Amino acid sequence: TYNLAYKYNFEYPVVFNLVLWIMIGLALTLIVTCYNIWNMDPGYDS
Amino acid sequence: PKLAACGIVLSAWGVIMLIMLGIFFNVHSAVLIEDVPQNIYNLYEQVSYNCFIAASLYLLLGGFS
Amino acid sequence: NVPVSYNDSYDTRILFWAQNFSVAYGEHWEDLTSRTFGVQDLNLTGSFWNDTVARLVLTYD
Amino acid sequence: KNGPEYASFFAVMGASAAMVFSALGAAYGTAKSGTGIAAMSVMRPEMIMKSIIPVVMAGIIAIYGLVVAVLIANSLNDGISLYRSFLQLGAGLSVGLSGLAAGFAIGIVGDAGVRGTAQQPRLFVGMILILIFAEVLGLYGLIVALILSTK
Amino acid sequence: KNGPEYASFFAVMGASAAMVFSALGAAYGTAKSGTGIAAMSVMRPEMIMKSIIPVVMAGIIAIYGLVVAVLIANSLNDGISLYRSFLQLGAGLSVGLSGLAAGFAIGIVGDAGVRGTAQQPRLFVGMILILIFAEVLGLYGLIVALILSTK
Amino acid sequence: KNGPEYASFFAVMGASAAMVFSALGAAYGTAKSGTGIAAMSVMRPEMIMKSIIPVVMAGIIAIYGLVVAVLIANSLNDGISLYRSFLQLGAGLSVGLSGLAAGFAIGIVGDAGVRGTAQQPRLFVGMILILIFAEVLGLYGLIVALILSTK
Amino acid sequence: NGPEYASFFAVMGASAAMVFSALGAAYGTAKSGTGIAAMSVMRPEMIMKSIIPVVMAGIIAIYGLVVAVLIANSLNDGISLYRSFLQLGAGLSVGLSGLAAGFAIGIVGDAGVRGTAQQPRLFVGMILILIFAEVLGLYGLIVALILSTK
Amino acid sequence: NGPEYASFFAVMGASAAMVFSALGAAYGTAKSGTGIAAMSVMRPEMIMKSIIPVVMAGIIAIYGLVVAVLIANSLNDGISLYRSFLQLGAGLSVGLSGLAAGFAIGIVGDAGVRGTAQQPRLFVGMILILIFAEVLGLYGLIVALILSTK
Amino acid sequence: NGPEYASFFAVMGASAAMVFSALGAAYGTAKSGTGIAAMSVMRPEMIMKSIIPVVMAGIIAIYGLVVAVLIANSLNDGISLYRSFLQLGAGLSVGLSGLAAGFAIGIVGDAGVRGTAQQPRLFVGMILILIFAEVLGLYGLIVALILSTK
Amino acid sequence: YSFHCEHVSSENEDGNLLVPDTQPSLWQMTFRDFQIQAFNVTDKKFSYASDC
Amino acid sequence: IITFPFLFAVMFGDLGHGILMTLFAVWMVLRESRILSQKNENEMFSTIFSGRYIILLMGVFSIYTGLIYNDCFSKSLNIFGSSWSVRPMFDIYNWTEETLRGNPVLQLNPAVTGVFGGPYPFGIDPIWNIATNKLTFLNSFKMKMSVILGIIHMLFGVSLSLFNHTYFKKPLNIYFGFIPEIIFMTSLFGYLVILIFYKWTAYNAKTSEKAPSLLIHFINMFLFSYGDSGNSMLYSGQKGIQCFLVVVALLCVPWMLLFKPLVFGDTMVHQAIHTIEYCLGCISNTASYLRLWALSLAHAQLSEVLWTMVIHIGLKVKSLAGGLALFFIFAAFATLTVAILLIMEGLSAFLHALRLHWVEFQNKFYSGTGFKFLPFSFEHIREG
Amino acid sequence: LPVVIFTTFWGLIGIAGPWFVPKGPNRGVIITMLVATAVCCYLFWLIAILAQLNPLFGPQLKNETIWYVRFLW
Ligand SMILES: CO/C1=C/C(C)=C\[C@@H](C)[C@@H](O)[C@H](C)C/C(C)=C/C=C/[C@H](OC)[C@@H]([C@@H](C)[C@@H](O)[C@H](C)[C@@]2(O)C[C@@H](O)[C@H](C)[C@@H](C(C)C)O2)OC1=O
Ligand SMILES: CO/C1=C\C(C)=C/[C@@H](C)[C@@H](O)[C@H](C)C/C(C)=C\C=C\[C@H](OC)[C@@H]([C@@H](C)[C@@H](O)[C@H](C)[C@@]2(O)C[C@@H](O)[C@H](C)[C@@H](C(C)C)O2)OC1=O
Ligand SMILES: CO/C1=C\C(C)=C\[C@@H](C)[C@@H](O)[C@H](C)C/C(C)=C/C=C\[C@H](OC)[C@@H]([C@@H](C)[C@@H](O)[C@H](C)[C@@]2(O)C[C@@H](O)[C@H](C)[C@@H](C(C)C)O2)OC1=O
Ligand SMILES: CO/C1=C\C(C)=C\[C@@H](C)[C@@H](O)[C@H](C)C/C(C)=C/C=C\[C@H](OC)[C@@H]([C@@H](C)[C@@H](O)[C@H](C)[C@@]2(O)C[C@@H](O)[C@H](C)[C@@H](C(C)C)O2)OC1=O
Ligand SMILES: CCCCCCCC/C=C\CCCCCCCC(=O)O
Ligand SMILES: *[C@@H]1O[C@H](CO)[C@@H](O)[C@H](O)[C@H]1NC(C)=O
Ligand SMILES: *[C@@H]1O[C@H](CO)[C@@H](O)[C@H](O)[C@H]1NC(C)=O
Ligand SMILES: *[C@@H]1O[C@H](CO)[C@@H](O)[C@H](O)[C@H]1NC(C)=O
């Protein structure tokens, strides 16, 4: 009577794809933003 | 010149700081119980024996400098 | 509390657990998880086993 | 009544991204225009206190994100509904990424607007009028975060 | 009749993406064509207030996304159907990414137009004629976002 | 008769892509071939209004996508079959990616055309005859989207 | 209480409040530290008045170390999934908004100390821009406080 | 006791405490080691005094050694999932904050010894900015000892 | 014993200790060895004096070989998952820290031998920097011996 | 392996696993948890679960 | 002269470094005769010697605030105290020898009789330094005291702006520049420092485990949403008085704006900047005083890591600890506590006690366009 | 109670402080130095003895430090 399954919720493909395609949509938006401020090129001789 | 000059102010601090560490371990202070691996008081004085022979060892560096 | 467990030999066979077995005829909802996995005395009339076909019959009266 | 246990994840990501993406816009408006102060001030020292208007107008962008990052963080309860937490997610992106654009525009037109005032002082009343249009992009995104999050 | 729990995600995304991508287009129109005002200012400073036309054209792009971020966020209920929220996802994308394109076209023509007006004053009637064509790209996305949000 | 609850995702994604991808092609042909107006305006200012055809012909690209995206948004219905909604995703890709690429060729030929007409005015009937062939490409995507959406 | 993997998102808020904040404090020190080395060959008297963008950028690491202590002291066994997501958003909003304030100090403090060598009037104006560039790291702190008390 | 895979996150914090801190200690030694060669052809007397910015980067490596020894001595088969998540965040916050601290040392130590060749007065000012970029690795030490020993 | 897939993570610690310390030793002998060729045209005397960055880059390769033999001799059919996680992190700790140390040797050893072509006073200073880039592989060794021999 | 799912209810909304043969069905049932195994039950307990 | 070494001492407070900071400074003032005989040295002895009296007052003040919270090289002292007593915990709570296993970290109980009596005559009791929940007490104390020092130093700065008007005889400037400024600060922020003082005296450990939070009730003043059973009210009639204290501050924005320009286009727009740099600036100035809590925490945490990792390995050795081990441990410890814990922490606390005067104190009264006197004299020609 | 003791022992300086001051040219500075030292240092003590008065927590002690100060206090 032992060895019951781990109880994944029924909406597991929804919550997996809501987290995955946001946290790599907010990481690519973060990486592209911090890439442009790192390489700013203000112009500095004077 | 400066390595001879920096050594005396470190030794003058080395005798002041480590003597007071010797007296604070002789009185068996309750704040310093992390450094101890009536019987426990004897370990405290042992560290005070340890500190003092290094506090006196900084006097030799003062005379050498 | 424990799952339903049918056996024909000394070895055990098909076994089935649920947390809320509930049925409805028309619009009357009747919960049956208190008569199934706790009562320990089920009417498993023909619970077949053949290693390629198995049936689990639960009857409630 | 009470939502699921994962439901407050999306409302927290609307609270952080309303401050992360709006500080990343206000950092571009401060850095790109503030380097324009360092090049202008070598030849015209009298205009170092009138040219800090593009760095105070990019500082309102981070205030636009801080207000709704607090306002989202007060509507956070244990077990909020999944509908109520997507509103905080949709309010955080619509003010962070909107203030990221508003801080990128203020940095560009604030940089050129103070490179040009060192050669033409009549530009300075026109530089404010473009810095007003580039600032209300953070204000337009604010009043969508005020409408979305308060439902 | 009632929609699922995750159904409100796609409509609060179209509320944000109508404001995020239209402010990202209005900021490109303000930055790229605000760089050109500082280039025409150093030689022809009478045409400063008359050259704010390419940045008031990009300001209408920002309020195209503000209207349908209010039209979507006021049409939100808990448990809206999955069809009724998919309508307001494409109503947010077809006006954000249309105003994003129409802001790339305003900022490029507004940059070359006000730098060519400094050397040829007969271009100002032509630049303001191209900016009508580049502003109705955000308007064609507005009248397809209103026809999607209302149903 | 009633399809799945996510069936209307693919039709609105075709109504969005019919307007988004056409506005990107209409903004390329306006910004690229409107940059070419300001280069020929400085020396040959009498050919300004005659050379607004490559931003007019790039504006008909956007009204090809507006006609399809209105027909998809009017043929939308709660509980559409999964067959009928993919017919309007293929109708959105047929006029979306057509107007994206046909609006690219109006930009490149229109920018190269108005600079080669201002020096050799015999090329004006030769520029408009290449732009016609790049504008019927946007109409091949239109009249195959009218077949698919009304199928 | 909560599940066993609930304490992962809270220690990713204690780490990312120190990783992403010491990365912003490193960029404000490195990009402006080359501003001191290029300036001082011309004007070697301002190497004590002009290290103030380095000292200002040494607070972005301290703003993240403070949040990484409130999170790592509120960690106990069996925190809920709700209370652990609050400490993840308190660690990103003070780390990635300290990465923003470390950019705007490192770019302004670089060019600001070149322009102070050629003209000493900029010192009142350069220190004023570093006020507006440091409060981006402070606004992320007071939204990390309002999340971590819940 | 905990699950079978629970020791994966604690050893990954024992490796990343040494991997990412040696990657910062190498960039502080390699980037400021090319600055010794460009300094050498002008001022040969400043050789032994310019080994200080690679000494400071050498302490970044032992900041990650005293956390990787600390994790790899407290390892046991069957540690809980909570206790091993604490040592994953103890190695990520002392490695990636020593990678940032070693980045800023290699940049102000490279440019600092370029300006020391043209002017010897910068050497007391270069050694000040090397301290402020050193404590970014020390701030990651004091948040690693909080997370690991608790 | 343990599961059937358990020996995968120990083999990927035996091979990552080798192929990442051989990539560090590749960059050590190739980037410094291309500086010996540019030094040789004007100073052909100190050719044998300049194999020291190439020798100390080969020490990094035998640091990874010792751990990879030590891991591959501690393998059994059916080890625990805890033991094979220990040797994965013992392979990354000497592989990816030897890749950092071998990158640092190849950079300062390249600029060092091009600096001793124009001034031989750098030679006693070039070797003293390379010991600091040598011990980053040695620190990765003594954490790999601690992790694997548990 | 065994099966496990969280909703094996009837009354088809999007993806409910128990579908009736004719749609005006009088019977409806609902499992808020579910775990069944056949043909390899060993030692009177479930195996690893092939989840739904 | 007082408040700048005092604000340096709240964020750099240590009795051990309070000894070293003044002993470096007493050496620079008692031996200053032979130092003026020398021409010049490096700027680590030229700029430091020019401020030899500033560092002297930073030493004697940080001995005091390095005694309030005990913190002497992160070690603490007993002067007639330790009011937390562990022995009643073993007796009345029926709390036997189980300490060994079970729970290895055990927390005391203040509500049971005998454990806490008297709040330790002078300062912070040293039971916290040997506790492991030390930081969750200090962060409730050092943060709330960073606003108490942040309001009464900024209310003192606006009280010096009244005499900038009544001496120059500009009584118009009082009724829009001092009276609505002191109403806007006392109703919002001067109520906050008496809301912090209220929670210290009202709630004890016996009653009110459901204690209110001061973060929420301050935000719920601005956001008018009142009524929720999560956070109980601090006192009776809180919805009555706090709605009054916010609406008296709301009318101060028209009181500063609409009633000054009646004397026009540039005194309405450019002098609205004088209101909005005070309107949203006063909130961002109060929160800017949290940097004397962050620096006080980062200095107190750096003092542990040089003791419990450098000194402790030289101390916790069984047989040969104080011999050849501790001679080289302390000589490397004395270099690490000077170069890190006294130079950069003494310079990080130096600037952020200085920028709190330039921006958060000299913006309320100090305008400062200025022109220096520079009298013609021969004091340039001293010896060279 | 030291609260009624230290209110006048830090109240001597600042009230009897300006009463006994020499008539030199440093009167306006030394009185400012004596009064502000009495205001800052006493209020620093005042907001520290009020934090521990009516507390809410207890010192979480290590296990070796459960039985140790029973012999020491
Ligand atoms: C203060 O008003 C402003 C308002 C803002 C922020 C937003 C909306 C109103 C706008 O987003 C809406 C959408 C568009 C619209 C209608 C704006 C009017 C703008 C102002 O007015 C043009 C100009 C103003 C500079 C402009 O007015 C010039 C003074 C000018 O008068 C000079 C003329 O030579 C110029 C040709 C003429 C044209 C541009 C309208 O206006 O700025 C402004 O900040
Ligand atoms: C004012 O904006 C105009 C139209 C706008 C706002 C709105 C949408 C419907 C439009 O968005 C879409 C693009 C309409 C469309 C697809 C063409 C309409 C074209 C007009 O009809 C030629 C020209 C054109 C008449 C005119 O602009 C030029 C004066 C000119 O006529 C001068 C001629 O000498 C030149 C030869 C001629 C070309 C067209 C033959 O261009 O403009 C406009 O009125
Ligand atoms: C190469 O062998 C040396 C160290 C090695 C190999 C260290 C590692 C293996 C690792 O085990 C150690 C732990 C890395 C480490 C923590 C070194 C600390 C200090 C030493 O002490 C300054 C210098 C020092 C004795 C000396 O090399 C420098 C030449 C010098 O110190 C002396 C002077 O020229 C110069 C004036 C001084 C400056 C900057 C004041 O730098 O390490 C050595 O020598
Ligand atoms: C067999 O391959 C050689 C070494 C190999 C492959 C070693 C591996 C087993 C490796 O695992 C390591 C690197 C073992 C090791 C550490 C050898 C060190 C030096 C070698 O010596 C023993 C040099 C050395 C004799 C010689 O090559 C140089 C000419 C020189 O003798 C001349 C001196 O001017 C020079 C300064 C001195 C320095 C470079 C050591 O070495 O050679 C070799 O042949
Ligand atoms: C769930 C949301 C995740 C997806 C959101 C993506 C939206 C992206 C928004 C902005 C990214 C653009 C930032 C790059 C700035 C460009 C700089 C430049 O071109 O000068
Ligand atoms: C199940 O096994 C037990 C134990 O051998 C046996 O007594 C019982 O009769 C079996 N069940 C059936 C229905 O035969
Ligand atoms: C689920 O089970 C609980 C008790 O186990 C019961 O009270 C409840 O009625 C069940 N759900 C339904 C829908 O019957
Ligand atoms: C098992 O039983 C089923 C149903 O009675 C039957 O169809 C099948 O042939 C049987 N198989 C064997 C191997 O007896």
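Bear in mind that the values in this text are calculations on the coordinates, not laboratory data. A quick note on method: Cβ atoms are made from the backbone with ideal geometry, for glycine too, and the neighbour counts reach across all protein chains shown.
Summary table
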{"item": "Residues satisfying the stated conditions in segment B:23-39, i.e. over 17 Å from residue K:75 (Cα atoms) and at the interface with another protein chain (Cβ under 8 Å from one of its Cβ atoms)", "result": "B:37"}
{"item": "Unique residue being closer than 25 Å to residue K:139 by Cβ, within 7 Å of another protein chain (Cβ to nearest Cβ) and surrounded by fewer than 16 Cβ atoms within 10 Å (Cβ to Cβ) when the list is L:53, L:61", "result": "L:53"}
{"item": "Candidates E:105, E:118, E:26 - the one that is away from ligand 7 (no atom under 16 Å from the Cβ), within 9 Å of chain D (Cβ to nearest Cβ) and of a type in the set (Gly, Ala, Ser)", "result": "E:26"}
{"item": "Filter pass, residue H:39 being more than 23 Å from the chain's Cα centre (by Cα) and either within 16 Å of ligand 3 (Cβ to nearest atom) or in a helix (DSSP H, G or I) (or both)", "result": "yes"}
{"item": "Qualifying positions in segment C:16-54 - surrounded by 14 or more Cβ atoms within 10 Å (Cβ to Cβ) and more than 14 Å from ligand 7 (Cβ to nearest atom)", "result": "C:16, C:42, C:44, C:47, C:49, C:54"}
{"item": "Selection status of residue B:42, part of a helix (DSSP H, G or I) and surrounded by 15 or more Cβ atoms within 10 Å (Cβ to Cβ)", "result": "no"}
{"item": "Filter result for residue I:121 (of a type in the set (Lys, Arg) and under 19 Å from residue H:68 (Cβ atoms))", "result": "no"}
{"item": "Those strands (runs of 3 or more DSSP E) lying entirely in chain C with at least 2 residues closer than 20 Å to residue J:41 by Cα and among the acidic types (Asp, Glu)", "result": "none"}
{"item": "Pick from segment F:29-60, criterion more than 7 Å from chain E (Cβ to nearest Cβ) and of a type in the set (S, T, N, Q), ranking: surrounded by the fewest Cβ atoms within 10 Å (Cβ to Cβ)", "result": "F:51"}
{"item": "Yes/no for residue E:141 being crowded, with 24+ Cβ neighbours inside 10 Å, more than 8 Å from chain F (Cβ to nearest Cβ), within 28 Å of residue D:148 (Cα to Cα) and away from ligand 3 (no atom under 16 Å from the Cβ)", "result": "no"}
{"item": "Condition check for residue I:69: closer than 15 Å to residue I:127 by Cβ, away from ligand 7 (no atom under 16 Å from the Cβ), in a helix (DSSP H, G or I) and aliphatic (A, V, I, L, M)", "result": "no"}
{"item": "Top-ranked residue of segment H:128-139 - restricted to ones that are out of contact with any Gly (no Cβ under 6 Å at 6 or more places or on another chain) and not hydrophobic (A, V, I, L, M, F, W, C), ranked as farthest from residue H:86 (Cα to Cα)", "result": "H:134"}
{"item": "Residue H:86 crowded, with 19+ Cβ neighbours inside 10 Å, in contact with a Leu (Cβ under 6 Å, 6 or more places away or on another chain) and part of a helix (DSSP H, G or I)", "result": "yes"}
{"item": "Residue pairs meeting the criteria (Cβ under 6 Å; at least 6 apart or on separate chains; first surrounded by 15 or more Cβ atoms within 10 Å (Cβ to Cβ), in segment C:1-14; second of a type in the set (D, E, K, R))", "result": "C:6/C:13; C:7/C:13; C:12/J:44"}
{"item": "Test: residue in segment K:1-10 that is in a helix (DSSP H, G or I) and away from chain L (no Cβ under 14 Å)", "result": "no"}
{"item": "Looking only at segment E:99-121, and only at residues there that are under 11 Å from the mean Cα position of the chain (by Cα) and among the small types (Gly, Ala, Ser), the one that is farthest from residue E:142 (Cα to Cα)", "result": "E:105"}
{"item": "When residues of segment H:108-120 are limited to those that are crowded, with 24+ Cβ neighbours inside 10 Å and at the interface with chain G (Cβ under 7 Å from one of its Cβ atoms), the one farthest from residue G:102 (Cα to Cα)", "result": "H:115"}
{"item": "Residues satisfying the stated conditions in segment D:93-110, i.e. under 18 Å from residue D:60 (Cβ atoms) and out of contact with any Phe, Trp or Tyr (no Cβ under 6 Å at 6 or more places or on another chain)", "result": "D:94, D:95, D:98, D:101, D:102, D:105, D:106, D:108, D:109, D:110"}
{"item": "Cβ pairs under 7 Å, 6+ apart, first in segment H:83-104 and within 8 Å of chain G (Cβ to nearest Cβ) and farther than 13 Å from residue H:19 by Cα, second acidic (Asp, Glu) and not in a helix (DSSP H, G or I)", "result": "H:101/H:134"}
{"item": "Number of the exception - residue H:124 against (1) more than 10 Å from chain G (Cβ to nearest Cβ); (2) out of contact with any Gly (no Cβ under 8 Å at 6 or more places or on another chain)", "result": "(1)"}
{"item": "Failed criterion for residue D:95 (all others in (1) in contact with a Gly (Cβ under 9 Å, 6 or more places away or on another chain); (2) within 22 Å of residue D:45 (Cα to Cα); (3) not aromatic (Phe, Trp, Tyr) hold)", "result": "(2)"}
{"item": "Given (1) of a type in the set (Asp, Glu); (2) farther than 21 Å from residue G:86 by Cα; (3) in a loop (DSSP other than H, G, I, E, B), index of the condition residue D:46 fails", "result": "(3)"}
{"item": "For residue F:63: the one exception among (1) more than 16 Å from ligand 2 (Cβ to nearest atom); (2) within 11 Å of another protein chain (Cβ to nearest Cβ); (3) hydrophobic (A, V, I, L, M, F, W, C); (4) part of a helix (DSSP H, G or I)", "result": "(1)"}
{"item": "Among the candidates K:220, K:231, K:204, residue that is within 21 Å of residue G:148 (Cα to Cα) and in a loop (DSSP other than H, G, I, E, B)", "result": "K:231"}
{"item": "Any hit, segment K:47-54, residues being of a type in the set (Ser, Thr, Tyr), surrounded by fewer than 21 Cβ atoms within 10 Å (Cβ to Cβ) and not in a loop (DSSP other than H, G, I, E, B)", "result": "yes"}
{"item": "Single unsatisfied condition, residue F:81 versus (1) farther than 15 Å from residue F:148 by Cβ; (2) surrounded by fewer than 17 Cβ atoms within 10 Å (Cβ to Cβ); (3) more than 10 Å from every other protein chain (Cβ to nearest Cβ)", "result": "(1)"}
{"item": "Considering residues of segment I:121-140 that are within 9 Å of the chain's Cα centre (by Cα) and aliphatic (A, V, I, L, M) only, the residue surrounded by the most Cβ atoms within 10 Å (Cβ to Cβ)", "result": "I:136"}
{"item": "Residues that are loosely packed, with under 12 Cβ neighbours inside 10 Å and within 23 Å of the chain's Cα centre (by Cα), drawn from segment A:1-22", "result": "A:13, A:16, A:17, A:20, A:21"}
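Residue-wise test of (1) at the interface with chain L (Cβ under 7 Å from one of its Cβ atoms); (2) touching a helix residue (DSSP H, G or I) at 6+ places or on another chain (Cβ under 6 Å); (3) surrounded by fewer than 15 Cβ atoms within 10 Å (Cβ to Cβ).
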{"site": "K:68", "(1), (2), (3)": "yes, yes, no"}
{"site": "K:86", "(1), (2), (3)": "yes, no, no"}
{"site": "K:101", "(1), (2), (3)": "no, no, yes"}
{"site": "K:113", "(1), (2), (3)": "no, no, yes"}
{"site": "K:146", "(1), (2), (3)": "no, yes, no"}
